[PDB]
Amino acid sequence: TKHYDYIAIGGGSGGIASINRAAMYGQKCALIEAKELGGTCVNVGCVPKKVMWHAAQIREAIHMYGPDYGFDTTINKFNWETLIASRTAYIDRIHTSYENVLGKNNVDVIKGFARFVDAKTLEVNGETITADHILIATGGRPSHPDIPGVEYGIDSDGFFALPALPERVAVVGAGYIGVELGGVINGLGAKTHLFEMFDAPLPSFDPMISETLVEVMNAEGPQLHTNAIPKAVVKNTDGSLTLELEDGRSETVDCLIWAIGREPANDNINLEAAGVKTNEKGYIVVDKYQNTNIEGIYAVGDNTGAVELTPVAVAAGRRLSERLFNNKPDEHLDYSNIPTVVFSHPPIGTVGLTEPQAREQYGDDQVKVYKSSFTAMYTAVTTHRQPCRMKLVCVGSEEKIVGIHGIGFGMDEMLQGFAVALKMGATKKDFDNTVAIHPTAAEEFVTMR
């Protein structure tokens, strides 16, 4: 058997962040990945989605806004194969960068699917390896509905494997992934329909965000269908698929994408053998320091049920290696006020409490909301004017800012800075005392009246 100080199961965001930090303090480490390095983030998530988002932004420039700025252009050809080759080449160069860094840090990368032989032993490819500290960073995977014809839909992994852009696409589920892919496919030219079980897209976000998003979509696509509850998917005689809803609505398309949630990938690794406890949903239960109930086994990232975001798996994975191997016994991630950007059309940025949450937690007379609404300047000189709505949720006399939300051009790059100030306990007067930068969407948050 080969023995290691630390082994990670999963070469995704959690797994790579922690192994490299531990390695960096002299721990002899092994990282085991069953598929490609970079996990979901690099291969079927964050990086390919944002290259697909920029491609959509380019077509809308050529085709929607360019006209009104005076450019008459013909798109002679949209070569999907060229987009997918540039996207894929870039991900192969990121794979090298990672192998390079794991290599300079002496981590042994093992490609195979690890299973637990007992609390301290893992078998991978018939070989048996052991360590004193094992990190399970297996992530998660797409959920699928138990309905007839479910097997005719693909999920977001199948989207990144698409050979061609289908002319008619239905995305079922309007959380992060359906809103983003719905925005992208729509923007790339396909007739898109977005179905959502509930009465609004992005149901859990602040109401101002969901409402603006409905407005924008009614005007530019995708075509939204709320209260949509999938009954079955019929494969038609000509090869198209008809989605049938419980209430009788139906829609016929060329490609159906299920974007209805992610389940955890914890089921096949023979956890029972190690005795690790998972909850009823199947996530590994961890405490505040990422520990499972078995001493020496940790878990970070999407398999734990925490907010499913790459930076969060990186910071909890990295702080776990600090705590364990660099003598900071209390290091641990603070899971509150974590910023998010949805790469929708237009992009959403949120950190903190939604206004509903603040009125529930603090009471109506304590909650003071500022709201600004304007037209993004990029769309203002065209016939496709688009709203930017922004909101600050404040509490108490001090007007301590407890929530910052915006939907508009600019939201993706503006939020980081404001979330550092939120972490610093900014009050509205702190925002008001900073000179604005003109002309930017950003400056609206420091001149809210």
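So that there is no doubt, residue numbering starts at 1 and follows the sequence shown.
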{"query": "Stretch with the greater mean C-alpha B-factor as recorded in the entry, comparing 380-388 against 402-410", "finding": "380-388"}
{"query": "Stretch with the higher entry mean CA B-factor, where the candidates are 392-400 and 36-44", "finding": "392-400"}
{"query": "Per the PDB entry, maximal CA B factor within 226, 279, 192, 212", "finding": "279"}
{"query": "Residue of maximum C-alpha B factor among 143, 354, 237, 291, per deposited coordinates", "finding": "237"}
{"query": "Within-chain third of residue 444 by Cα B-factor, per the entry", "finding": "highest"}
{"query": "Within-chain third of residue 368 by Cα B-factor, per the entry", "finding": "highest"}
{"query": "CA B-factor placement of residue 168, once the chain's modelled residues are sorted into thirds", "finding": "middle"}
{"query": "For residue 92, the third of its chain into which the C-alpha B factor falls", "finding": "lowest"}
{"query": "Within-chain third of residue 221 by Cα B-factor, per the entry", "finding": "lowest"}
